[PDB]
Structure formats: C-alpha cells, structure tokens
Amino acid sequence: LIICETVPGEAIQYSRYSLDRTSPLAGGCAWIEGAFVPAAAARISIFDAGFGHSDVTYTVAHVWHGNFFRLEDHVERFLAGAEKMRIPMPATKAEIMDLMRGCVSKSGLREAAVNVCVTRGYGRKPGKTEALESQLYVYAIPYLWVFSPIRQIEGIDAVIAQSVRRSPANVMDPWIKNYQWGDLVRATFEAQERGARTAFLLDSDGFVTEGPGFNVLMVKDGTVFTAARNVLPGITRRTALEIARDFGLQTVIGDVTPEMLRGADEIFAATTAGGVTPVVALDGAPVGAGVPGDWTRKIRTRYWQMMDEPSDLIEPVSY
Amino acid sequence: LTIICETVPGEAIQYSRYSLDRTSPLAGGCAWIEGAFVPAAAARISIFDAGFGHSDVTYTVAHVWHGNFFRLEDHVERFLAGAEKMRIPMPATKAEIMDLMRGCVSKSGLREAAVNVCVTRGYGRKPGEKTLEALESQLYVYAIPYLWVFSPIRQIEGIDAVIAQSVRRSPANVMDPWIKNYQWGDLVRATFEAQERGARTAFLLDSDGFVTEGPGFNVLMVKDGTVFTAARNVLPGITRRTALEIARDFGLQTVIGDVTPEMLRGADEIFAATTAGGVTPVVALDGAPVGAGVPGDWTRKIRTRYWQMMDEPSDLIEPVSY
Amino acid sequence: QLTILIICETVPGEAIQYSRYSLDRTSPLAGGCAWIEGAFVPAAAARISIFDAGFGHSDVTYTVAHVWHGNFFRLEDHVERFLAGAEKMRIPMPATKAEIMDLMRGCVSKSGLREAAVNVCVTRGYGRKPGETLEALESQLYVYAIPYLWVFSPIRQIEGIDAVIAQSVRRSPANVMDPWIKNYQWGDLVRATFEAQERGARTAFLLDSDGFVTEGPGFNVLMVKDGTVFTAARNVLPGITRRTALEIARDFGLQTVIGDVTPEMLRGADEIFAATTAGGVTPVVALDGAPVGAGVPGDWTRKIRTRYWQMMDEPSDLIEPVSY
Amino acid sequence: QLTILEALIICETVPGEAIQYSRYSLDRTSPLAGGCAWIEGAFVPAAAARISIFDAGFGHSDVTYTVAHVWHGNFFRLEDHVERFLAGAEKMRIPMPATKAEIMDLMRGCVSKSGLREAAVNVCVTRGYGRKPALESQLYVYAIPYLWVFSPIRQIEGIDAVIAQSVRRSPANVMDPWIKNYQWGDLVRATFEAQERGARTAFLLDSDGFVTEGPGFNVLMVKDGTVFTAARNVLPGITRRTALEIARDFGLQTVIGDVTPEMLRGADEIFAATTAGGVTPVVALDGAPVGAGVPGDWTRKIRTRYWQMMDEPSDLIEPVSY
Ligand SMILES: *C(=O)c1c(COP(=O)(O)O)cnc(C)c1O
Ligand SMILES: Cc1ncc(COP(=O)(O)O)c(C=O)c1O
Ligand SMILES: Cc1ncc(COP(=O)(O)O)c(C=O)c1O
Ligand SMILES: Cc1ncc(COP(=O)(O)O)c(C=O)c1O
C-alpha cells in the first residue's frame with residue numbers, strides 16, 4: 001500500500017541549509033504527555049481510546065522556508081472538530097500553537113509537517129484531581145508528500161472508486177478530520193489494482209467527495225467547483241478558492257457529480273501534504289487536454305509564492 | 001462517555017475465589033509488545049503506527065473464565081480471516097498467536113481475563129530492519145481483568161436501549177462491521193445519543209433501516225420459538241454463535257438474516273451478546289417494555305447455559321497453565 | 001385512508017381570495033379540460049392507455065403551473081423546468097416549448113377557471129401512435145387544467161400546520177430516482193404521509209441517506225434562523241414556489257442559503273414553512289411535537305406569504321393573463 | 001430508445017427445445033380474441049383498455065401488481081401470485097376492492113375471453129381517483145400475448161450483463177422492491193446503462209454494494225453445488241421460488257441471502273428468473289465469461305424442468321376453461 005528532489009525552475013523549492021544534529025530533537029520532535037522527545041521514540045499508551053476506538057481528531061499544519069502557513073486557521077478547525085466529536089480539549093488554542101511552534105523550532109526543520117491530535121485518552125492521567133483524561137500529542141517531522149514534488153508539476157491520474165464509498169456524514173463525518181481510514185485505504189488499494197495513482201470516492205448518493213488525504217476541485221468555464229458534503233473542509237482548498245477568486249474566477253462549494261468531473265476543463269487535488277496537484281487523467285480518459293491546466297498552474301504557482309510573502313497567513317518560526 | 005467485580009449472589013456469574021501473588025510485575029495484567037512481555041500499565045506503541053493514524057488494525061478479544069480459555073481457537077481463526085480481508089499481512093502464525101495469548105494470561109495470573117490481540121499495518125520497517133520485505137505489520141497482545149460492557153448486575157436484571165436516530169452503522173462498502181475493528185466513530189455517537197435519551201445503550205440501523213448491532217455487542221431477539229439476529233453490517237460474534245448453538249440445543253429455530261425495527265418492537269425477548277459480559281437481557285426499547293418487561297424465559301436459560309459452559313469440559317474450553 | 005391534499009373556503013380579510021364570478025357550464029369543457037392524444041376533452045372524460053409506460057413503469061415527468069385571478073404564474077419557468085427534467089429522464093419530447101405553453105393556455109381558457117392547477121406531463125408512451133413509423137416519437141404529452149389544488153387548506157395556509165421528521169422512510173436517492181426530476185414515484189412520500197398520520201401530525205419531512213432534511217410529500221421545506229432563509233439543495237425538487245419565496249426573502253433583506261439542512265438546524269429554527277404551487281406558503285408551527293420558535297406563524301413567513309399572494313395581482317415578467 | 005422486453009401473438013422459438021407455443025387458430029370475430037382487459041366493471045378489448053388520468057396509480061404510482069402466465073392453456077401458480085399480490089397491497093396499505101376468489105375469476109375470464117393459450121395476465125390495484133361513479137381502489141386486469149424480457153432464442157443461447165455503476169436499486173426504506181411496483185425510475189436508468197455499455201441488461205446493487213435484481217427479473221447464481229440469490233431489496237419472485245424448489249429437488253443447496261459482486265464474478269453459473277420468459281442463462285458479466293462461458297449445466301436442467309412443469313398435472317398448474 002529529509003529534503004526531496006524538486007523540479008528545477010518551478011515554484012517548489014526547499015530551503016538551502018544544513019541541520020545541526022547535536023540536538024536529539026533535530027530532524028523531528030514530538031510532544032507526548034508533557035515531554036518533548038525525538039520523533040523516533042514517541043510512543044503512546046496502547047489503552048488510549050484514540051487507538052482502540054479511533055476516538056481522535058487532528059489537523060496538520062506545515063512550515064515552509066521557516067514559515068508556518070495558516071497555523072491559526074488550522075488550530076481553530078482542529079478545535080472545532082474536537083468540539084463536534086465531543087472530545088474535551090486539554091489545552092488552550094494559544095497553548096497548542098505554542099507546543100506546535102516548539103516542536104518545529106526544536107526540530108530545526110524549515111520544511112515541516114506539524115501534526116497535533118487530541119484523543120479521549122486512556123483514563124485518569126498518571127498522578128490529577130474531574131481532571132481531563134484527554135491526551136494531546138504533537139509532532140513536527142519532515143514535510144510530507146501525498147504526491148511527489150515532480151508530480152506536483154507533471155500531474156497524476158485518478159479513478160472514481162467503484163468498490164468502496166466514503167464514510168457518510170451520519171456514520172463518521174468526513175467534516176471532522178479523523179483517523180478512520182478504512183474506506184480511504186480500500187480506495188487506495190482499488191486505485192493500485194486499476195493502475196492509477198489515486199482514487200476519488202463517491203458518497204452514498206453517487207456524488208464526488210474527496211480522496212485519501214486531499215480535496216478534489218475542478219474548473220469549468222470560469223468556475224471552480226468542489227464538494228460541500230462528505231469531505232474535510234480543507235485549508236488548502238480554502239486557499240485555492242481564495243486564489244481563484246483573486247484571479248477573477250467564480251467558486252462554488254456544492255454537489256459535484258461524476259459527469260461534472262468528466263466534462264471538466266481541469267481537475268486538481270489539494271492538501272497540506274503537497275499543495276495543489278494537477279489530475280490529468282480520470283478513469284483512463286484525459287482531463288481536458290491531458291496536461292496540467294492553465295488555472296491549475298497559476299493557482300499552484302501563487303500558492304507556493306505565498307509561502308514567502310509577508311501576510312496575516314504566514315508566521316516565521318523562531319529557531 | 002461509558003480484579004474482581006460485584007456479582008449477584010446465587011446467580012450464574014461468579015468470579016474465582018483466590019489471591020493473586022503480585023511478586024511478578026506482570027501479575028494483574030500482561031502485554032506483549034514488539035517481542036517482550038511487559039506489565040499492561042507500561043504497554044506503549046509507536047505513535048507512527050498506521051494502526052493509530054489510519055486505524056489500520058483489526059483484532060479480537062477472547063476471554064478466560066475460572067482459568068479456562070473460551071473458544072480461543074475460534075477467536076484466532078476469525079481474527080486471522082478479518083486480517084486477510086483487510087489485507088494486513090500477519091507477522092505470526094495461528095499457533096504463535098495462540099501461545100502469545102496463553103502466555104499473557106499465564107504471566108498475568110488472572111483467572112478471569114479479557115485477552116485482546118490485534119495486528120496493525122505497522123510504523124514502517126521494524127528496528128533492526130534486516131530486509132526490505134520483512135513484514136512491517138505489528139502484533140500487540142494484552143491480558144487484563146475481565147471487562148463488562150454491562151455490569152454483572154445488569155447481566156441478571158436487564159438494560160434498556162434505544163434505536164439510534166442520529167447515527168447509522170458503518171456500511172459494508174465503507175468499512176465492514178464484519179471485520180472487528182477500532183473505527184468506533186458511529187458507535188461512540190450512538191453511545192452519546194443513548195445517554196442523552198436516558199437509556200443504557202443504543203442499537204444502530206444500517207442505511208436501509210435494518211437493525212444491526214450496538215457499541216460492542218450483537219443484538220438478538222426471540223419471537224414465537226425463533227431467535228433472530230442480523231446477518232449484514234454486524235460482527236459475526238462468537239458470543240452470538242454460542243447463543244445460537246445453545247438455542248438450537250434447546251429446540252428453538254435460529255435465523256441469521258435481516259431484522260427490522262418492527263420485528264424488535266413485536267419481539268417476545270431481546271438480548272445483547274458479547275465476550276465482554278456474555279448475554280444481557282434488554283427489557284425496554286425506545287421507552288417501551290420488551291415483552292413482559294422483565295428478562296425473558298429463553299434469555300435466562302441461554303445466559304445460564306452460557307456461564308455453565310465455562311466449567312463443563314468440552315472442545316470450547318482450554319484450561320490455562322499458570 | 002390517506003390525505004395527500006370550484007371554490008373553497010378562505011380566511012376573510014387575509015391575502016388569499018378566489019375570484020368572484022359565475023362559470024358558465026354550456027361548453028362541456030367548462031370546469032376542467034384536458035388535452036389527450038390531439039384532442040381537448042372534459043376533465044372527467046380524460047383517460048390514458050393502461051399500456052402507457054408512464055403507468056406500468058412510472059416512466060413520466062411533469063410540472064404543475066397555477067392560474068390565480070386569471071393570471072398564469074411563472075408559466076415559462078415551469079415549462080422550462082419540465083423540459084429539462086424530461087431530457088434528464090431521456091423521454092423524447094413530442095412538442096415544442098411554445099406548443100406546450102399554448103396547450104396549457106388552451107386547457108385553462110376552455111375550462112373558464114380563473115383559479116386552476118395546470119398539469120402537463122410527458123410519458124415514454126404505449127408504443128407506436130395510432131396512425132403512426134418507427135420514425136415518429138412514441139412519447140405522450142398529456143395536459144389538464146382543473147380547479148386549483150390545496151395540499152394544505154387555505155385556512156391552514158394562514159393558521160399553520162404541524163410536522164414530524166420521518167423515521168420509518170427516507171427520500172429516494174439521487175442515484176435511484178432523483179427528486180430533482182419532478183416525478184410520479186411517490187412510494188416513499190406516501191409512506192411518510194402515513195407515518196405523519198400515525199404520529200398525529202399533518203405532514204412529515206423526509207431525510208436522505210446521510211441524514212439531511214430534504215422535502216415533504218408535494219412541497220419544499222424552508223426555515224428561517226437569525227436573518228437567513230435555509231432550504232435543501234440535494235434530494236429535493238427545485239421548487240418554483242421555493243424559487244419565488246427566496247426572491248421575496250432577499251427583497252426583504254434576508255440572506256438565503258440553498259444547501260444542506262440538518263435536523264438540528266430545523267429544531268433550532270425561528271420559523272419553518274412549506275412551499276408548493278398547490279397552496280403557496282404554509283407556516284409550520286410544530287415539529288416532532290415541539291413548538292417552532294414561538295409556536296405561531298412567524299413574522300417573516302407571514303410577510304413572505306402575503307407578498308407571494310400580492311404578486312398574483314401585480315403585472316410583471318412573472319404573470320401572464322389568460323385569454324378566456 | 002428503450003428496450004426492456006424483447007418479445008409485444010406467437011413468437012419464434014428454438015426448434016426441438018423446451019419452449020414451444022401451442023398450434024391453434026384464434027377465433028377473431030369476437031372483439032376480445034387476442035387480448036382482453038377488465039376495467040371498472042367491463043371486459044374490453046385490450047387495445048381499448050384505458051384508465052382515468054386522475055388515478056393515483058398514475059400520479060403517485062400508488063399501485064402494486066403481479067403478472068401470472070398461461071402456457072399451453074394452463075395457469076401457472078395462479079394462487080401463489082394472487083396471494084403475493086394481496087400481501088403486497090396490504091403492505092402498501094391499498095384497500096382491496098375484491099376477494100381472492102373474485103380476482104382469480106377475473107384473471108381466468110380475461111384469459112378465456114382472449115382465447116390466448118400462451119398469455120401474460122397482469123392484475124394491479126391502485127389507490128384510485130376518488131369516489132367511484134365506501135372504497136375508491138381500482139382493480140385492473142388484462143390478459144395479453146405472453147411477454148418476453150429476453151427472447152425465446154436467448155432463453156436457450158444466453159445473454160450478457162453488466163453490474164450497473166451509474167444507478168442503485170430503490171432501498172427497502174424508500175420504496176421496497178419486496179412489493180412489486182411500477183416505480184422503475186432506477187430500473188429504466190439501469191436499462192439505459194446496459195445499452196450504453198453494449199450488454200443486453202444490467203444487475204443493480206443496493207446502497208451497501210450487494211447484488212439485487214434487474215429490470216424485471218431476479219438474479220441467481222450457482223457455485224459448487226449451491227444456488228444463491230439475494231434476500232434484500234428484491235422482489236421475491238415466483239420464478240425464483242420455482243427454480244429454488246427445482247434446485248432442491250435436484251439435490252442442490254439453496255441460500256436466499258446477501259450476494260456480492262465478488263461472488264457473481266466467481267460463479268459457476270448465473271441465470272435470470274422471471275414470469276416474462278422463465279429461466280435465462282447469463283453467459284457474460286462485465287465483459288468476462290461466466291464460468292465456462294456456455295449456458296451452465298444446472299441452469300439448463302432447471303430451465304428444462306420449469307417448462308415441463310407447464311404440462312405436468314400438479315398443484316402448480318390449473319387448466320383454463322376457454
Ligand atoms: C410539487 O408539487 C412539488 C414541490 C413544489 O414544487 P413547486 O413549487 O410546485 O415547483 C416540491 N416537492 C415535491 C416532491 C413536489 O411534488
Ligand atoms: C481526507 C482528507 N481530505 C483533505 C485533506 C487536506 O485538507 P487540508 O488542505 O486542510 O490539509 C486531508 C489531509 O491530509 C485529508 O485527510
Ligand atoms: C461491534 C461489536 N459487535 C459485537 C461484538 C461481540 O462479539 P463477540 O461475541 O465475538 O465478542 C463486539 C465486541 O466483542 C463488537 O465490538
Ligand atoms: C423487479 C422484478 N424482479 C423480479 C421479477 C420476477 O418476478 P416473478 O418471477 O414473480 O415474475 C419481476 C417480474 O417482472 C420484477 O418486476
């Protein structure tokens with residue numbers, strides 16, 4: 001089922017530096033039950049209901065060129081989903097941001113993926129009081145790619161999965177970022193069996209939702225369409241839609257049919273682990289012209305250039 | 001959200017009378033983690049195991065009662081088959097798994113225990129990676145004191161339930177309940193709804209409106225000489241399997257097949273079945289009594305025979321060598 | 001017994017009043033007139049072949065446009081939705097948009113009815129038409145104009161109705177038979193009506209597979225919360241009464257959102273109302289035995305209802321007087 | 001263009017095989033010869049049978065029905081059909097305006113007056129169009145020449161099918177396929193999909209991904225000596241019922257229960273079952289051969305036995321008095 005090669009001349013470029021590895025936390029740092037530890041050594045109690053019940057939600061913020069991107073938006077969504085899942089939060093928004101910034105700073109990574117999750121926990125904590133049994137776990141590790149940097153430029157192929165559907169809103173809601181990947185994993189297997197890189201899942205009514213780790217967007221005659229129901233409201237998606245509106249395009253978050261996809265001018269995936277990815281073939285047929293689309297490239301370009309432009313959306317890490 | 005427990009004096013559920021020597025640190029609860037038997041309270045897994053971040057894991061729970069394993073072989077076979085269906089390579093043989101489970105219980109000293117075994121997709125190549133295609137999957141095992149979904153008292157006196165209206169069971173073509181798994185998002189939602197509606201538990205319906213199971217147990221009903229229980233969108237429970245064997249031995253018909261809410265509302269009796277507690281009468285449903293509103297005759301006979309099977313020599317029990 | 005639905009009682013002084021006139025019954029078409037297989041016929045004589053696939057397969061779609069005070073309301077909107085659904089259903093249309101509107105105008109005119117419901121439907125047909133060619137379409141267009149129909153009575157339009165969220169039935173999915181196409185497949189909707197009756201309410205709202213609010217039997221469901229009007233996007237007919245209510249709402253300065261509606265949204269709503277050509281705008285004053293907001297017809301609902309009926313007497317691109 | 005039935009009096013059949021029409025002459029001086037309906041109290045020529053446009057059976061599809069057939073002048077399972085018909089009308093809550101005996105007499109009369117020795121006989125009941133010219137339900141009956149979903153040649157040579165991916169079968173908790181009904185929106189969509197993909201017909205899945213039925217027929221499969229067919233979200237067909245009786249008489253096991261696409265793709269044989277044509281081999285599915293790719297061995301024996309039952313005196317047949 002640390003730094004990476006990227007396309008010369010294109011918008012995705014790691015930082016040019018070298019990491020001080022005297023620190024055992026350099027390269028990847030987790031925070032577990034009050035301790036900053038080397039990511040490789042980070043372990044959780046097997047009795048955490050985050051494991052045995054998948055009673056856990058999370059988000060992933062990224063750092064690029066030493067800048068957090070939309071860290072505040074991420075933690076607010078993380079917090080809103082934990083409230084929806086009814087998991088009490090054992091730390092404030094400010095505290096969580098500080099723990100994430102601490103994991104990144106300690107790791108020294110300028111290109112990084114920062115996971116924070118909260119679990120229902122494993123019962124009373126070692127040692128207090130009504131005191132919360134929820135557990136926060138954080139880690140900052142090298143930036144993750146669902147699709148490689150080369151494919152961020154050259155594009156991927158996809159299928160509409162036929163053997164599995166996305167988890168319904170009234171079973172376990174994709175709106176809450178969650179670790180229940182049973183359907184997403186099955187869809188990844190199906191993609192492999194059919195010779196594609198990834199799969200889009202349909203919901204029970206047959207509408208297009210998302211894929212294993214990314215939102216799905218399409219462009220058609222000057223409008224960008226993306227699903228409202230049975231998907232995570234991704235923050236890459238939010239950015240792409242803000243970019244598209246700046247470019248004068250219209251945006252619609254609403255029901256997306258497979259016929260809409262098949263007729264689309266352009267399709268692309270969006271996720272914090274990779275950014276904006278052209279999808280150039282669907283179910284064996286070309287998407288539009290079969291090459292990364294015009295709007296796709298100009299949205300992807302703007303996305304990466306934002307990593308370096310001062311704005312309310314970026315926050316430099318203090319290392 | 002919701003070593004010895006109080007039991008009802010004189011009824012069929014009684015713990016072993018004994019003293020547990022605590023000289024060994026494994027006594028009271030023992031886990032097997034990455035090649036080592038450790039005390040349960042110290043059992044920890046890598047946060048990077050996909051069994052966590054993707055719930056890429058399946059498991060079973062077999063129990064020990066009066067120092068006897070109950071249907072250990074059936075549990076391991078089912079566990080192995082679900083792992084195959086989930087496409088998780090198994091890093092152990094059936095015989096190996098059974099010996100780790102016996103070892104955890106033996107080292108724990110517990111005569112009444114719950115024994116969990118699960119396999120996850122793993123966290124990448126194991127430490128001491130010695131080749132690329134050595135299996136990355138992880139097997140974790142633990143034996144801890146026997147767990148009760150419903151208390152020993154409720155096993156005798158019964159519980160009340162609701163049919164959930166705010167959540168449905170995971171469909172077979174999303175993540176199949178037939179594979180025992182840790183994706184409890186819907187089961188936890190149903191637990192919250194029960195609490196908000198003032199009932200002990202909830203039964204979930206599937207997308208077509210049929211009765212499936214609840215949070216940690218199968219649902220069975222009795223009507224005019226037949227025991228009915230869902231086929232689709234449920235775990236094929238081994239407590240359910242035993243209850244149906246017992247029913248047929250009592251002369252009743254058994255039907256594994258679609259169960260409707262109207263069937264439940266007309267039932268003579270309803271009961272829950274799970275390894276974590278056995279056979280539990282369900283005496284009220286959506287605030288209305290089930291049958292005569294007390295534990296039914298067949299439920300009580302099945303429950304009694306079930307616990308007696310923990311003592312009676314059979315192919316179903318395997319005594320633990322402490 | 002099931003209750004889905006020339007002059008009926010209305011509330012005196014309120015915005016709903018029939019025309020005061022005398023219908024002359026000399027022409028046998030007066031009071032109700034259908035067009036069936038090239039012929040205008042009295043409504044009571046209107047019959048179709050039992051072998052029409054619109055019956056045996058429900059291979060049929062339709063719309064109902066209404067006449068009030070002798071004015072057609074949004075006739076062209078209706079025929080445009082009608083045609084678009086028939087194309088979605090792949091039923092070839094045996095007439096042009098213009099021809100359809102003329103037939104509908106014909107039926108109303110010949111009926112004499114100043115308050116009427118005008119149904120046009122197209123079926124896959126019963127095979128080769130009498131008098132034929134494999135060339136010729138087999139689809140059948142049927143039309144009728146009969147006295148105006150009320151899902152909820154004129155008095156309930158003023159005083160309000162009570163509803164339940166159905167728990168024993170769900171709305172047909174988009175990938176089974178799409179509610180977006182107005183259709184005659186009312187299996188789920190009839191089940192929901194019976195459940196309403198069993199639970200002591202006037203009607204029921206159906207949820208879809210994912211547990212979201214859709215529509216009721218013959219009407220759309222709208223709600224008002226803190227200055228915004230909400231109504232479902234998916235698994236509903238895009239009603240033209242709904243379309244009109246939203247237009248009115250935005251001219252009152254309210255926001256509007258067509259999109260997913262949850263049961264919890266409804267349970268917190270300030271107001272709830274139904275919308276349909278067969279009766280207009282209906283207050284929903286109790287849901288699942290609980291009061292909706294204050295439990296009386298709500299402020300905005302009453303303004304929207306009032307304005308809707310006023311629009312029947314206001315020349316505009318939306319109303320076309322009937323030539324009697 | 002929609003093709004639901006391939007073969008709308010006598011049709012061409014495979015010489016020497018089990019399906020053969022009667023050789024007789026129709027007395028056509030009667031207006032009813034060749035097709036006779038009963039509508040609102042009168043027998044009328046089928047081609048002039050018309051119903052009120054205001055019948056809720058049209059405007060709401062508030063209607064259920066069955067079709068029993070006559071072969072070689074014998075009604076086949078007439079009583080079973082009327083009993084299924086009546087039970088579905090009760091489930092749909094449509095009052096029945098005639099007795100079981102009165103229905104069977106009207107069906108027999110329509111056949112007798114038609115003179116058809118091979119006939120399809122439809123009986124339906126609708127909610128009606130209001131107070132009649134008390135109870136408003138309407139019964140309509142017609143006997144017309146026997147109808148073929150698949151032609152007599154393909155009853156022998158077999159057909160090809162696809163599993164529909166563009167549409168799903170109506171759920172039990174929307175409009176239950178268990179009640180035979182005229183709501184074919186989904187079945188028509190599946191028929192168009194079959195046509196687009198170059199196959200003669202399609203099988204529909206339900207919400208959970210299980211195999212249900214097709215447009216006008218049940219789906220059965222054979223694997224290693226057992227016949228499987230869906231339980232949920234299908235009509236409990238009487239051809240299906242007959243085929244499973246024959247299978248059991250032949251010594252095969254029969255299982256009415258959940259059928260997966262994987263099971264179909266693995267089957268030894270697949271066949272369709274319906275009153276409009278009988279038992280049809282399905283020799284290709286999604287462009288792959290079913291089993292060996294020829295009409296299967298058990299399919300052929302069941303089909304042969306089915307047609308021989310049209311002539312063998314038994315509780316299954318009753319001769320029609322013309
Ligand atoms: C029509 O009766 C109908 C509506 C309302 O749509 P209009 O406002 O009349 O266009 C809504 N939902 C259903 C199922 C209907 O049949
Ligand atoms: C299921 C799913 N959809 C979409 C996303 C991406 O959303 P975001 O842009 O906030 O990372 C994720 C992240 O991996 C995801 O898990
Ligand atoms: C969802 C679910 N259903 C049913 C069961 C009961 O199965 P068994 O009797 O094999 O323990 C379990 C727990 O044991 C379960 O988690
Ligand atoms: C949907 C459906 N399934 C199955 C069947 C077959 O049922 P029977 O064998 O009783 O005719 C029919 C008959 O046309 C049908 O309409």
# chains A, B, ... in the order shown; residues from 1 in each chain; ligands from 1
$ residues_near_ligand --ligand "ligand 1" --cutoff "9 Å" --atoms "only C-alpha atoms and all ligand atoms" --output "ChimeraX atom specification"
/C:63-66,78,81,151,179-180,182-184,186,189,214-221,236-244,274-280
$ residues_near_ligand --ligand "ligand 3" --cutoff "10 Å" --atoms "only C-alpha atoms and all ligand atoms" --output "PyMOL selection string"
(chain A and resi 53) or (chain B and resi 59-63+71+74-75+78-79+149+169+177-184+187+212-219+233-243+272-279)
$ residues_near_ligand --ligand "ligand 2" --cutoff "7 Å" --atoms "only C-alpha atoms and all ligand atoms" --output "list in words"
residues 60, 174, 177, 210, 211, 212, 213, 214, 215, 231, 232, 233, 234, 235, 236, 237, 270, 271, 272 and 273 of chain A
$ interface_residues --of "chain B" --to "chain A" --cutoff "9 Å" --atoms "only C-alpha atoms" --output "JSON, numbers by chain"
{"B": [40, 41, 42, 43, 44, 45, 46, 47, 48, 51, 52, 53, 54, 55, 56, 86, 140, 166, 167, 168, 169, 170, 171, 172, 173, 174, 175, 176, 181, 182, 183, 184, 185, 186, 187, 188, 189]}
$ select_by_dssp --residues "region 165-246 of chain B" --states "alpha helix (DSSP H)" --output "ChimeraX atom specification"
/B:185-196,238-246
$ interface_residues --of "chain C" --to "chain D" --cutoff "7 Å" --atoms "only C-alpha atoms" --output "ChimeraX atom specification"
/C:46-50,55-59,168-172,175-177,184-188
$ closest_atom_pairs --of "chain C" --to "chain A" --cutoff "8 Å" --atoms "only C-alpha atoms" --output "CSV"
residue,atom,partner,partner_atom,distance
C:173,CA,A:205,CA,5.8
C:174,CA,A:205,CA,5.6
C:175,CA,A:205,CA,5.5
C:209,CA,A:204,CA,7.0
C:210,CA,A:170,CA,5.3
C:211,CA,A:170,CA,6.0
C:234,CA,A:255,CA,7.7
C:259,CA,A:254,CA,7.6
C:260,CA,A:229,CA,7.9
$ write_last_selection --atoms "C-alpha atoms" --output "PDB file, in the first residue's frame"
ATOM      1  CA  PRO C 173     -31.695   8.952  -3.531  1.00  0.00           C
ATOM      2  CA  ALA C 174     -30.280  10.984  -6.420  1.00  0.00           C
ATOM      3  CA  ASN C 175     -28.753   7.751  -7.775  1.00  0.00           C
ATOM      4  CA  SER C 209     -29.301   8.689   3.263  1.00  0.00           C
ATOM      5  CA  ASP C 210     -26.802  10.917   5.100  1.00  0.00           C
ATOM      6  CA  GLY C 211     -29.472  12.200   7.494  1.00  0.00           C
ATOM      7  CA  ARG C 234     -29.891  17.943  -2.726  1.00  0.00           C
ATOM      8  CA  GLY C 259     -27.577  23.867   0.819  1.00  0.00           C
ATOM      9  CA  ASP C 260     -27.525  21.054   3.330  1.00  0.00           C
TER      10      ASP C 260
END
$ residues_near_ligand --ligand "ligand 4" --cutoff "6 Å" --atoms "only C-alpha atoms and all ligand atoms" --output "list in words"
residues 213, 215, 216, 217, 218, 235, 237, 238, 239, 240, 273, 274 and 275 of chain D
$ interface_residues --of "chain B" --to "chain C" --cutoff "10 Å" --atoms "only C-alpha atoms" --output "JSON list (two decimals) with C-alpha atoms, in the first residue's frame"
[["chain", "number", "residue", "atom", "x", "y", "z"],
["B", 165, "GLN", "CA", -31.94, 8.06, 15.20],
["B", 166, "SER", "CA", -28.93, 10.40, 14.88],
["B", 167, "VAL", "CA", -26.30, 7.96, 13.52],
["B", 168, "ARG", "CA", -26.16, 4.80, 11.39],
["B", 206, "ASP", "CA", -27.98, 0.39, 8.58],
["B", 207, "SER", "CA", -28.69, 2.57, 5.52],
["B", 208, "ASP", "CA", -31.77, 0.50, 4.54],
["B", 209, "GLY", "CA", -33.31, 0.79, 8.03],
["B", 261, "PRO", "CA", -37.35, -2.34, 13.93],
["B", 262, "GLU", "CA", -40.95, -3.64, 13.72]]
$ closest_residue --among "B:287, B:257, B:281, B:158" --to "chain D" --atoms "only C-alpha atoms"
B:257
$ residues_around --residues "residue 320 (chain C)" --least-positions-apart "5" --cutoff "10 Å" --atoms "only C-alpha atoms" --output "list in words"
residues 67, 70, 71, 72, 73, 74, 75, 76, 105, 312 and 315 of chain C
$ residues_around --residues "residue 195 (chain A)" --least-positions-apart "3" --cutoff "9 Å" --atoms "only C-alpha atoms" --output "PyMOL selection string"
chain A and resi 158-159+190-192+198
$ write_last_selection --atoms "N, CA and C atoms" --output "JSON list (two decimals), in the first residue's frame"
[["chain", "number", "residue", "atom", "x", "y", "z"],
["A", 158, "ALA", "N", -6.14, 9.46, -11.93],
["A", 158, "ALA", "CA", -7.03, 9.01, -10.87],
["A", 158, "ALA", "C", -8.13, 8.14, -11.45],
["A", 159, "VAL", "N", -8.83, 7.42, -10.56],
["A", 159, "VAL", "CA", -10.06, 6.72, -10.91],
["A", 159, "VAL", "C", -11.16, 7.13, -9.93],
["A", 190, "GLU", "N", -7.86, -0.10, -4.41],
["A", 190, "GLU", "CA", -8.53, -0.17, -5.71],
["A", 190, "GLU", "C", -7.77, 0.64, -6.77],
["A", 191, "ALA", "N", -7.30, 1.84, -6.41],
["A", 191, "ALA", "CA", -6.53, 2.63, -7.36],
["A", 191, "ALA", "C", -5.33, 1.84, -7.87],
["A", 192, "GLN", "N", -4.62, 1.17, -6.96],
["A", 192, "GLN", "CA", -3.47, 0.36, -7.36],
["A", 192, "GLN", "C", -3.90, -0.75, -8.31],
["A", 198, "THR", "N", -4.23, 7.48, -7.72],
["A", 198, "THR", "CA", -5.14, 7.67, -6.60],
["A", 198, "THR", "C", -6.58, 7.47, -7.06]]
$ decode --residues "region 5-18 of chain A" --atoms "C-alpha atoms" --output "PDB file, in the first residue's frame"
ATOM      1  CA  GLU A   5      14.150  16.319  -5.196  1.00  0.00           C
ATOM      2  CA  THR A   6      12.076  19.104  -6.763  1.00  0.00           C
ATOM      3  CA  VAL A   7      11.656  20.411 -10.312  1.00  0.00           C
ATOM      4  CA  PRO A   8      14.347  22.960 -11.254  1.00  0.00           C
ATOM      5  CA  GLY A   9      12.894  26.333 -12.155  1.00  0.00           C
ATOM      6  CA  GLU A  10       9.432  25.514 -10.778  1.00  0.00           C
ATOM      7  CA  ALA A  11       7.781  27.112  -7.761  1.00  0.00           C
ATOM      8  CA  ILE A  12       8.507  24.346  -5.204  1.00  0.00           C
ATOM      9  CA  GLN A  13      11.983  24.676  -3.655  1.00  0.00           C
ATOM     10  CA  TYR A  14      13.240  23.518  -0.291  1.00  0.00           C
ATOM     11  CA  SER A  15      15.390  25.795   1.842  1.00  0.00           C
ATOM     12  CA  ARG A  16      19.154  25.716   1.258  1.00  0.00           C
ATOM     13  CA  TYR A  17      20.708  24.949   4.653  1.00  0.00           C
ATOM     14  CA  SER A  18      22.138  22.198   6.866  1.00  0.00           C
TER      15      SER A  18
END
